[PDB]
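Asks:
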Amino acid sequence: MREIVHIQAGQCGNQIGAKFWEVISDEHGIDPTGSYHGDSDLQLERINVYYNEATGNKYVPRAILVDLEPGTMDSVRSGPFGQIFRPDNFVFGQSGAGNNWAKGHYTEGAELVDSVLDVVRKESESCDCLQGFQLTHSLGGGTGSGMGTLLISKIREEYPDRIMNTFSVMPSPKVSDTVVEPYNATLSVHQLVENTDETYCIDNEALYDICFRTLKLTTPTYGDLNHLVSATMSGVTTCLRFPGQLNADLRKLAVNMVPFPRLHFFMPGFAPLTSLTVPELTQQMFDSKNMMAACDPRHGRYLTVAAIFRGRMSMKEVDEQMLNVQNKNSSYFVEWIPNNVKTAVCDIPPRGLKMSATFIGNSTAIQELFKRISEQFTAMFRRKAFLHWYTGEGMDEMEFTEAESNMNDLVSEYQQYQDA
Amino acid sequence: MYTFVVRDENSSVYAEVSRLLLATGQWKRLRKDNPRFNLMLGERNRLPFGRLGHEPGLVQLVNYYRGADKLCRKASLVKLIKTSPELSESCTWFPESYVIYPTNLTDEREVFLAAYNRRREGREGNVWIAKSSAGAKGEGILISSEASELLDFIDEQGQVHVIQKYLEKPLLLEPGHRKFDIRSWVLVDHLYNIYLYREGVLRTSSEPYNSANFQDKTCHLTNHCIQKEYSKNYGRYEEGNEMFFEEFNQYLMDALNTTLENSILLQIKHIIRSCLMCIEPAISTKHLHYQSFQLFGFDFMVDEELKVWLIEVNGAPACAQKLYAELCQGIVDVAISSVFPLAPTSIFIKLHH
Amino acid sequence: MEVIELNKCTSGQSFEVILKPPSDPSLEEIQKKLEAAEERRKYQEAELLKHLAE
Amino acid sequence: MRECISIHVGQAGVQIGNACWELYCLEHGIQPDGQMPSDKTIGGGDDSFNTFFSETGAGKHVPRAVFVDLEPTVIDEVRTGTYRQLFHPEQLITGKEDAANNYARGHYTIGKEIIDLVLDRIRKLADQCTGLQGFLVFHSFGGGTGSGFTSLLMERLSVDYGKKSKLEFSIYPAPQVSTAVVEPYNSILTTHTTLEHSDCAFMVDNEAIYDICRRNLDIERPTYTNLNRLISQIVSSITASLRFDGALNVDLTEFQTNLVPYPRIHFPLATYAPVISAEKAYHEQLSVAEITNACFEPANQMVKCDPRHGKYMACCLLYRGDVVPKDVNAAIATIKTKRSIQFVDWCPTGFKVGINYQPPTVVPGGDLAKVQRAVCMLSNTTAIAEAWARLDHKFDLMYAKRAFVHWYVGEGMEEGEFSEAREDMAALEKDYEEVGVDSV
Ligand SMILES: *[C@H]1CC(=O)C[C@H](C)CCCC(=O)O[C@H]([C@H](O)NC(=O)/C=C\C=C\C)C/C(C)=C/[C@@H]2C[C@H](C)C[C@H](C1)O2
Ligand SMILES: Nc1nc2c(ncn2[C@@H]2O[C@H](COP(=O)(O)OP(=O)(O)OP(=O)(O)O)[C@@H](O)[C@H]2O)c(=O)[nH]1
Ligand SMILES: Nc1ncnc2c1ncn2[C@@H]1O[C@H](COP(=O)(O)OP(=O)(O)CP(=O)(O)O)[C@@H](O)[C@H]1O
Ligand SMILES: Nc1nc2c(ncn2[C@@H]2O[C@H](COP(=O)(O)OP(=O)(O)O)[C@@H](O)[C@H]2O)c(=O)[nH]1
Ligand SMILES: COc1ccc(-c2ccc(OC)c(=O)cc2)c(OC)c1OC
Ligand SMILES: [Ca+2]
Ligand SMILES: [Mg+2]
Ligand SMILES: [Mg+2]
Ligand SMILES: [Mg+2]
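Protein chains in written order, with the deposited numbering: chain B, 1 to 42, 45 to 277, 286 to 360, 369 to 438; chain F, 1 to 105, 125 to 362, 371 to 380; chain E, 6 to 28, 44 to 74; chain A, 1 to 440.
In C-alpha cells, the structure reads:
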C-alpha cells in the first residue's frame with residue numbers, strides 16, 4: 001500500500017490543495033517544474051506515495067483538480083507550482099454550482115462526474131498498490147460540497163475496499179460567503195458519515211481566530227487561513243511521506259483512530275502557533299487554541315489521539331512530555347481504550371521551523387461543531403428559507419429532513435461515548 | 001500533580017489518608033478503574049497486584065504487601081512460625097498452636132492430643148481456645164478445658180481452625196481484676212523500614228477475670244465490639260475500654276515499680292521485627308516494578324510474669340478514634356510523600380534490622 | 006541434593022539436580053471457516069453496492 | 001541429525017529472525033555469503049549445526065528458514081542486507097497489502113490468499129530433511145500479520161505435519177514500543193486460535209526488553225535493532241542445544257517433556273543474565289553464583305511478573321561459557337535457602353542444567369559486552385499468568401463497549417469469535433490459578 005490519489009474540488013478545495021502541493025513539494029525537494037533538487041534521500047524514499055515518476059526524472063503530483071467553473075483552476079495553473087500538475091488532470095466545467103449543493107451533487111456536477119472518474123481511474127490503474135483517496139474541499143459551497151460528496155460516493159462504488167480520507171473545511175457564520183452554507187454542510191455531513199473513513203474537520207472560524215487572536219494578523223485573508231491548513235496537512239501526512247518508527251498508512255490510521263464507524267471526524271491542530287522547546291510543543295498542541303475545529307476538547311473526551319513531532323529533538327523528552335500531559339488532562343481521555351494516545355516522530359521539520375507538532379484528536383467534543391451546524395440549519399429550515407434554490411434543482415424537503423435527522427443522530431452518538 | 005485511586009470504601013484509615021492527600025492540593029483522586037495512578041489504596045481481597053508497575057512514566061505504589069496474608073491469617077501464622085527456622089516450633093513468644101482442618105472439609128489433629136494428653140498427666144492448666152479467620156466480631160470462638168469439646172466445635176464448623184493454649188495467668192489490671200490485650204500499629208514502607216507507631220492501645224475488659232467458667236466469655240474476650248454488647252460496666256475505668264500508653268505506663272510504675280518500655284515494649288519490638296524480618300524475602304518490593312507499603316495491627320497478651328505473647332497480626336487494621344489524625348498523617352509523611360514528595372520528632376519508632 | 010544423568014562431551018555438559026521428590045480441525049473444516057468468512061465479506065459488500073445503487 | 005525449520009511471520013518475526021540468523025552465523029563461523037571454512041564435509045554432513053543449516057554443493061550453508069510478511073518492505077531489507085546471499089528467493093515471501101493491525105485481515109482476508117504459497121515454500125524445505133523434527137515460529141502477538149496469519153499457519157501446520165513439534169517465540173505487546181490500540185484484541189484472538197497447536201511458546205514482553213535495554217545497556221531510547229539483538233541472544237541461548245553437541249534439550253519434543261507437563265500451560269518464563277553494556281569499559285566479571293541468583297530477579301525476566309507468588313512446575317538452567325557443575329550445585333543450594341522457590345507438590349523440586357562451554361557470542365559493534373559466562377533460565381511458573389491477566393483486562397475494557405470490533409467483523413469475522421477467544425483465556429487463567437494457588 002503505497003500510492004494515494006489526491007482530489008481537490010471547488011474553489012476552497014483547490015486553493016487549499018494548491019497550497020498543500022506547494023508545501024510538500026518543497027519538503028520533498030521538488031521544484032515548480034517537477035525536477036528533484038534535494039539534499040537528502042529521506045525525501046525520495048516515499049515520494050511515490052504522492053508523486054508519479056515520469057520520464058526525464060520528473061515527479062508529477064498524483065492529483066486531480068476539479069471544479070464546475072474555470073476561474074480557480076486558471077489561478078492554480080498560473081500559481082507558484084501551477085505547471086507541476088498533469089494538464090489533463092484539470093477537469094472543470096463552465097456553469098458553476100452557485101454555492102448550491104444540489105447543483106454540485108445532482109445537476110451541474112452530475113454532468114461532469116464521469117470525466118472526473120475517468121482521470122481517477124487512469125491514476126489508479128497506474129498504482130502498484132493504491133492505499134486510497136484524499137479529497138480537499140469545503141462543505142459550505144456547491145462544487146466541493148455537493149460534487150465532492152458525489153465523487154466520494156462514486157469512488158466508493160468503484161473502489162469499495164480503499165480508504166477514503168477528506169480534509170473538509172466546515173463553514174462558520176463568522177467567516178461566510180453565503181447564508182446557505184448550513185444547508186450545504188448538513189447535506190454533506192450525511193455523505194461523509196457514510197462514505198469516508200477519516201475526515202479532518204477544519205473550522206474556518208477556528209482558522210480565523212488563530213490568525214487574528216494568536217498570530218496577530220489584523221485582517222486575515224483566505225490565503226492566511228490556507229497557509230495554516232497546508233501546514234496542518236503537511237503535518238498529518240508526515241508519517242505517510244517519510245520513513246520512521248511506524249509502518250504508517252491510511253488503513254492503520256483508521257483502524258487505530260476510529261473505534262466506531264461513524265465517529266471518524268478528527269480535530270487537527272498545529273504547534274507552534276505563536277506571534286522553542288519540547289514541553290512548549292507539547293503544551294501548545296494540547297490546548298484548544300491550537301486546534302482547528304473550534305471545539306473545546308475540555309468539553310468532551312478523547313477516544314484516540316495521534317501526535318506527530320517533526321525536527322531534531324529528544325525522543326526521551328518527547329515520550330516524557332506526552333506522558334505528562336495525559337495526567338494534567340487525566341479525565342479528558344476515555345478509560346476504556348487503553349494506550350489511546352500514539353506518538354510518532356519525523357526528523358525532517360517543516369520549512370521555517372526547527373521543530374513542530376501536529377495533533378489529530380478523535381474527541382467527543384467535536385459534537386459541538388455538528389450542533390452549531392444543526393442549529394443554523396434548523397433556524398432557516400423551520401421557515402423553509404432559501405429552499406427554492408434547492409427545490410429548483412429537483413430536491414425535496416424530505417431530503418433535508420433526513421440529513422438533519424442523520425446529523426442529530428451523529429451528535430447523540432458522540433454524547434453517548436462522552437458519558438461512557 | 002500526583003494521582004491516586006481508592007478501591008476499599010470501608011477503610012477508616014485510608015478514608016482519612018484519602019482526605020489528607022486532597023487537602024495538600026497536589027493529589028487528585030481518579031476513578032476506581034483508571035490505570036494512570038501513582039498510588040492505589042487497594043481492596044482487601046484479590047487486589048490485582050499483577051496490573052501494577054506496567055504504566056510507562058508512572059512510579060506506582062500500593063498500600064498492601066502481596067504475600068503479607070501469610071502473617072495475617074490465623075492458620076498461616078501458625079504454619080509460618082512452626083516452619084520458619086527463625087521463628088520455630090520452639091518460639092517462646094507464640095502460644096502453642098495447632099492447625100486443625102475439620103473432617104467435613125496436612126492436619127495436626129493427632130499432634131494436638133499428644134501434647135494435650137501430656138498436660139492431662141499434669142494437673143497443670145489444660146485450657147485451650149479454638150479460633151479461625153471466618154470469625155465475626157467477635158463470636159466464632161470456644162474456650163474449653165476438654166479436648167473432645169474442642170474438636171466437636173471445630174467439626175461443627177467445617178472450616179480451617181487453630182487450637183491454641185489459653186493464657187491462664189493473664190496480667191490483671193487493678194482495680195477491677197481485669198484482662199486486656201495490646202494493639203500496636205506498624206507501618207512498613209517501600210524500603211522495608213519497620214515503623215512502630217509510638218501510640219498503642221489496650222483493649223481492656225470491664226468484667227473481673229473468672230477462671231471458674233469459660234462459658235460466659237465476656238471477662239475472657241477483650242474485643243471492643245464484644246464489650247459494647249455483652250458487658251456489665253463498659254466504660255467504668257476508661258473511655259471505651261481503651262487505655263493508652265501514658266496511663267498504662269503510670270500504672271506499671273505505681274503498682275509494679277517498672278515501665279511500659281522495659282517490661283513490655285522491648286518484647287513487642289522484638290516480636291514485630293522477628294515476624295516481619297522473617298517474611299521480608301517473600302514480600303519485599305525492593306527490586307520490583309511496583310512498590311508496596313502496609314499498615315499492620317499486632318495484638319499481644321501479657322501474662323502475670325510480664326511476658327509478652329503474640330496473639331495475631333491483622334493486615335487491614337482500624338485505628339483508635341483518638342489516634343486517627345496523628346497516624347494517618349504519619350502514613351502520608353512516611354509511606355507516601357517519601358516516594359512522592361510534595362513541594371518532628373517522628374511519631375514512629377524505627378525498628379532497626 | 007543429589008545429581009543424576011551427568012553427560013559430558015567436548016562442547017559442555019548437562020545433568021539434573023533434585024532437591025525433593027514429589028508428594044485438531046481438518047483441512048476441510050479450515051477451508052470452510054475461511055470460505056464462510058469470505059461469504060460474509062461478500063454479503064456485506066453486496067449490501068453496500070445495493071445501497072449505492074439505490 | 002533431525003532438522004528444525006524456522007518460520008518468521010510479520011515485521012517483528014522477520015526482524016527478530018534477521019537478528020537470530022546473523023547471530024547463528026557468528027556462533028558457527030558462517031560468513032554472510034554462506035561459506036563455513038570450519039565445515040570439512042563440503043556439500044553435506046549431519047553435524048549439529050545442520051539442524052538449522054543445509055548445504056549446497058558450492059559449500060553454501062543456507063538457513064532452514066521461511067520469512068513471510070503480507071507487505072514487502074521489511075523482507076526487502078533482508079533481500080538487500082548484509083545476509084542477502086544467505087537466503088534464496090523462494091524462502092522470502094511477501095504480499096502487497098498488509099493486515100493493517102487487524103487479526104481478521106491477516107487470518108481471513110489476506111491469509112486465505114497466500115497460505116498455500118507459504119505451505120508450498122515450507123514443503124520444499126521439509127522435502128530436504130531426512131528427519132524434520134518441527135518448526136520454530138517467530139511472530140508478534142499484536143501485529144495483524146503476526147497474530148492472524150500466524151494462527152492460520154499453525155492450524156495448517158498441524159494438519160500437514162501432525163506429528164511434528166511446533167515451538168513459538170511470541171512478542172507480547174508493550175505501549176513503550178510502538179503498540180497499536182487493538183493489539184490486545186489480536187493477542188487474545190491469536191492465543192485462543194493457536195493454543196491447541198503450539199507445544200511450547202516463549203513469550204517476550206517488549207516492556208521487559210525495553211527496560212533491560214534502558215537499565216543495563218544505558219540506551220535511553222532503544223530501537224528495534226537494540227531490542228532484537230538482545231532477544232536473539234535469549235533465543236540463541238534457548239536454541240543452542242539444538243545446534244550444538246549436548247545432552248539436554250536435543251530435540252523439540254524435549255522442550256515439552258522438560259518444561260510442559262500440563263499441555264495448555266505451555267509458556268515458560270525466560271530469565272537471562274548478565275546483560276552488560278559494551279560501552280562500560282571497566283567491568284568486573286560475574287560469578288556462577290551471581291549470574292544464577294540473577295535468574296530470580298524480576299528485572300532480568302523476559303516477562304515482568306513475580307515468581308515468589310506462584311509455583312514452579314519445571315526449571316531449566318542453560319549456561320554458556322566458563323561454568324562447571326560444582327559451581328552450579330553450590331549456587332543452587334545457596335539460592336534455595338535465600339529465595340521463595342515453591343514447586344507444585346506433584347513435581348519434584350529440581351533443576352535440569354545444561355552447560356555449553358563456548359561463551360555467548362556478540363555482534364561486533366553491538367550494545368552487549370562479551371562476558372565469560374551467561375545463563376538463561378527457562379522456568380514454567382504460574383506467575384506468568386500475570387501477563388494474561390494484564391492483557392485480558394485491556395481486552396475487557398474495549399470489548400465491553402465493542403470498540404474497534406467493526407473492523408474485525410468487516411473482514412468476515414463473527415463477533416462471537418471475540419467472546420469465544422475471551423472465554424478460552426478465562427479458562428486458561430483458571431488453569432494457572434488451580435495449578436498454583438493454595439486455597440488456604
Ligand atoms: C508558510 C510561510 C508563509 O508564507 C508566511 C511566512 C513566510 C511565515 C509563516 C510563519 C508561520 O505561520 O508561523 C507559524 C507560527 O506563528 N510560528 C511560530 O510560532 C514559530 C516559532 C514560535 C516559537 C514559540 C508556524 C507555521 C504555521 C509554520 C508553517 C509550517 C509549514 C509547513 C510551512 C509554512 C510556510 O509555515
Ligand atoms: N521486539 C520487537 N517488536 C516488534 C518488532 N517489530 C514490530 N514489533 C512489535 O510487534 C507489534 C506490531 O506488530 P508487527 O510485527 O509490526 O505487525 P505485523 O505482523 O507485520 O502485522 P501487520 O503490519 O499489521 O500486517 C508491536 O507490539 C510492535 O512493538 C521488532 O522488530 N522487535
Ligand atoms: N491464647 C489466648 N489466651 C488468652 N486469651 C486469648 C487467646 N487468644 C485470644 N484471646 C482473647 O481473644 C480475643 C480475640 O482473639 P483474636 O484476636 O484471635 O480475635 P479477632 O482476630 O477476631 C479480634 P482482632 O482481629 O481485632 O485482634 C483477644 O482480645 C484475647 O483477649
Ligand atoms: N479556508 C478557506 N475557506 C474557503 C476558501 N474559499 C472558500 N472558502 C469557504 O468555503 C465555503 C464556500 O465554498 P467554495 O469552495 O467557495 O464553493 P465551491 O467552489 O462551490 O466548492 C465557505 O465556507 C467559505 O468560507 C479558502 O480558500 N480557504
Ligand atoms: C499514516 O500515519 C499514521 C498512521 C497511523 C497512526 C496511528 C495513530 C493512532 C493510534 O492510536 C490511537 C495508533 O495506535 C496507531 C497509529 C498515526 O498516528 C501517528 C499516523 O500518523 C498520523
Ligand atoms: Ca557439513
Ligand atoms: Mg466560492
Ligand atoms: Mg483478626
Ligand atoms: Mg507489518
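Here a beta-carbon is modelled for each residue, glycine too, at the ideal position from N, C-alpha and C.
Using the Cβ count rule (16 or more neighbours within 10 Å means buried), how would you classify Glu127 of chain F?
Replies: Looking up residue 127 of chain F in the second sequence gives position 108. When all chains shown are included, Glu127 of chain F counts as buried.
Asks: Taking 8 angstroms as the threshold (beta carbon to beta carbon), is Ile347 of chain B in contact with chain A?
Replies: The residue given as residue 347 of chain B occupies position 337 in the first sequence. Judged by the 8 angstroms Cβ criterion, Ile347 of chain B is in contact with chain A.
Asks: Grouping DSSP H, G and I as helix and E and B as strand, with all else coil, what is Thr193 of chain A?
Replies: Sequence index remark: in the fourth sequence, residue 193 of chain A carries index 193 (1-based). In the structure shown, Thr193 of chain A sits in a helix (DSSP, three-state: H, G or I).
Asks: Go ahead and pull the three-state DSSP assignment for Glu21 of chain E.
Replies: If you number the third sequence from 1, residue 21 of chain E lands on position 16. If DSSP states are grouped into helix, strand and coil, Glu21 of chain E belongs with the strands.
Asks: Can you find a heavy atom of ligand 7 that lies under 7 angstroms from the Cβ of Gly143 of chain B?
Replies: As a working mapping, residue 143 of chain B is identified with position 141 in the first sequence. For ligand 7, at least one heavy atom lies less than 7 angstroms from the Cβ of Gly143 of chain B.
Asks: Can you find a C-beta in chain E that's less than 8 angstroms from the C-beta of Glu417 of chain B?
Replies: Start at 1 with the first residue of the first sequence, and residue 417 of chain B comes out as number 399. It does not: the Cβ of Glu417 of chain B has no partner Cβ on chain E nearer than 8 angstroms.
Asks: Any idea which residues DSSP pairs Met301 of chain B with across the strands?
Replies: Here residue 301 of chain B refers to the residue found at position 291 of the first sequence. Paired residues: B:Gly271.
Asks: Whole angstroms is fine: what's the gap from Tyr2 of chain F's alpha carbon to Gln293 of chain B's?
Replies: On the second sequence, position 2 is the one that residue 2 of chain F refers to. On the first sequence, position 283 is the one that residue 293 of chain B refers to. Answer to the nearest angstrom: the Cα atoms are 18 angstroms apart.
Asks: Mind pulling the beta strand (DSSP E) runs of 3 or more residues that sit fully within the stretch 111 to 142 of chain A?
Replies: If we require 3 residues or more, the beta strand (DSSP E) runs fully inside the stretch 111 to 142 of chain A come out as 134 to 140.
Asks: So with CB distances below 8 angstroms, who are the chain B contacts of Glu67 of chain E?
Replies: On the third sequence, residue 67 of chain E is found 47 positions in, with the first residue counted as 1. In chain order: nothing, as chain B lies at least about 11 angstroms away.
Asks: How would you write the range of the alpha helix (DSSP H) that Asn206 of chain B sits in, first residue to last?
Replies: The residue you call residue 206 of chain B lines up with position 204 of the first sequence. Looking at the DSSP string, the run of the alpha helix (DSSP H) that includes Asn206 of chain B is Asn206 to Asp211.
Asks: Thinking C-beta only, is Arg138 of chain F closer than 8 angstroms to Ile302 of chain F?
Replies: The residue you call residue 302 of chain F lines up with position 283 of the second sequence. The residue you call residue 138 of chain F lines up with position 119 of the second sequence. Going by C-beta atoms, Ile302 of chain F is not nearer than 8 angstroms to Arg138 of chain F.
Asks: Apart from the five residues on each side of it in sequence, which residues of its chain come closer than 8 angstroms, Cβ to Cβ, to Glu21 of chain E?
Replies: Residue numbering aside, residue 21 of chain E sits at position 16 when the third sequence is read from its first letter. Same-chain partners within the cutoff: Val8, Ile9 and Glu10.
Asks: Do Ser232 of chain B and residue 282 of chain B count as a contact pair if the criterion is CB distance below 8 angstroms?
Replies: Since the model of chain B includes 277 and then 286 but nothing between them, residue 282 of chain B has no atomic positions to report.
Asks: Is the beta carbon of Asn102 of chain A less than 8 angstroms from the beta carbon of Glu411 of chain A?
Replies: Position 102 of the fourth sequence, counting from 1, holds the residue named residue 102 of chain A. Position 411 of the fourth sequence, counting from 1, holds the residue named residue 411 of chain A. Cβ distance < 8 angstroms, so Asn102 of chain A and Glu411 of chain A count as in contact.
Asks: Is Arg221 of chain A close to chain B? Criterion is C-beta to C-beta, closer than 8 angstroms.
Replies: In the fourth sequence, the residue the question calls residue 221 of chain A occupies position 221. Closer than 8 angstroms to some Cβ of chain B, the Cβ of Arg221 of chain A qualifies, so yes.
Asks: Would the stretch 155 to 169 of chain A and the stretch 120 to 139 of chain A be scored as touching if the rule is three or more Cβ pairs under 8 angstroms?
Replies: Flag = yes, the stretch 155 to 169 of chain A and the stretch 120 to 139 of chain A touch.
Asks: Compile a chain-ordered list of the residues in the stretch 381 to 398 of chain A whose CB is closer than 8 angstroms to at least one CB of chain B.
Replies: Flagged, chain order: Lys394, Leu397 and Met398.
Asks: Taking three-plus beta-carbon pairs below 8 angstroms as touching, is the stretch 153 to 163 of chain F in contact with the stretch 190 to 206 of chain F?
Replies: Not touching, per the Cβ criterion.
Asks: CB of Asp69 of chain B to nearest heavy atom of ligand 4: below 7 angstroms?
Replies: Within the first sequence, the letter at position 67 stands for residue 69 of chain B. It does: the Cβ of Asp69 of chain B is within 7 angstroms (strictly closer) of some heavy atom of ligand 4.
Asks: Assign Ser38 of chain A to one of two classes, buried (16 or more other C-beta atoms within 10 Å of its C-beta) or exposed (fewer than that).
Replies: By 1-based counting over the fourth sequence, the position of residue 38 of chain A is 38. Exposed.
Asks: With a cut-off of 8 angstroms, do at least 3 Cβ pairs link the stretch 388 to 407 of chain B to the stretch 313 to 329 of chain B?
Replies: With the cut-off at 8 angstroms, the stretch 388 to 407 of chain B and the stretch 313 to 329 of chain B do not touch.
Asks: Would you decide whether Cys244 of chain F is buried or exposed? Buried here means 16 or more other CB atoms lie within 10 Å of its CB.
Replies: What you label residue 244 of chain F is simply residue 225 of the second sequence in a count that begins at 1. Answer is exposed; the Cβ neighbour count stays below 16.
Asks: Taking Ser277 of chain A as the query, report the chain E residues whose CB atoms sit under 9 angstroms from its CB, ordered along the chain.
Replies: Your numbering for residue 277 of chain A matches position 277 in the fourth sequence. Residues of chain E passing the Cβ test: none, with the nearest at roughly 27 angstroms.
Asks: Can you pull the chain E neighbours of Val159 of chain A, defined as C-beta to C-beta under 8 angstroms?
Replies: Along the fourth sequence, one-based indexing puts residue 159 of chain A at 159. The answer, in chain order, is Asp44, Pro45, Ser46, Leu47 and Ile50.
Asks: Would you check whether ligand 9 has a heavy atom nearer than 7 angstroms to the C-beta of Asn249 of chain A?
Replies: Your numbering for residue 249 of chain A matches position 249 in the fourth sequence. No, the Cβ of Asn249 of chain A stays beyond 7 angstroms of every heavy atom of ligand 9.
Asks: Is it right to say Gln358 of chain A is buried, meaning 16 or more other beta carbons lie within 10 angstroms of its own, or is it exposed?
Replies: Taking the first residue of the fourth sequence as position 1, residue 358 of chain A is located at position 358. With fewer than 16 Cβ atoms within 10 Å of its Cβ, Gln358 of chain A is classed as exposed.
Asks: Is any beta-carbon of chain F found at less than 8 angstroms from that of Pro307 of chain A?
Replies: Numbered from its first residue, the fourth sequence carries residue 307 of chain A at position 307. Cβ-Cβ to chain F under 8 angstroms: no for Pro307 of chain A.
Asks: Where does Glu254 of chain A land, buried or exposed, given buried means 16+ other C-beta within 10 angstroms?
Replies: Residue numbering aside, residue 254 of chain A sits at position 254 when the fourth sequence is read from its first letter. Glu254 of chain A comes out buried.
Asks: On the CB-based measure, 16 or more other CB atoms within 10 Å of its CB, does residue 280 of chain B come out buried or exposed?
Replies: What the structure lacks is residue 280 of chain B: chain B is numbered 277, then 286, with the residues between left out.
Asks: Residues in the same chain with beta-carbon distance under 7 angstroms from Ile49 of chain B, minus the five sequence neighbours each way, listed in chain order, please.
Replies: Here residue 49 of chain B is taken as the residue at index 47 of the first sequence, counted from 1. Excluding sequence neighbours, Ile49 of chain B sits near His28 and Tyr61.
Asks: Going along the chain, which residues of the stretch 248 to 277 of chain A sit with their C-beta nearer than 7 angstroms to a C-beta in chain F?
Replies: From the stretch 248 to 277 of chain A, no residue has a Cβ closer than 7 angstroms to chain F.
Asks: With distances taken Cα to Cα, identify the nearest neighbour of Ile204 of chain B among B:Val335, B:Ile165 and B:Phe272.
Replies: One-based indexing of the first sequence puts residue 204 of chain B at position 202. Taking only the C-alpha atoms, the option nearest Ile204 of chain B is B:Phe272.
Asks: Which residues in the same chain as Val13 of chain F place their Cβ atom closer than 8 angstroms to its Cβ, once the five residues preceding and following it in sequence are excluded?
Replies: Locating residue 13 of chain F in the second sequence gives position 13, where the first residue counts as 1. Excluding positions up to five away in sequence, the list reads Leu314, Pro336, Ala337, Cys338, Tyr343, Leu346, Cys347 and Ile350.
Asks: At which residue ranges does the stretch 139 to 193 of chain F contain complete alpha helix (DSSP H) runs of 4 or more residues, listed in the order of the chain?
Replies: DSSP runs (the alpha helix (DSSP H)) wholly in the stretch 139 to 193 of chain F: 166 to 176.
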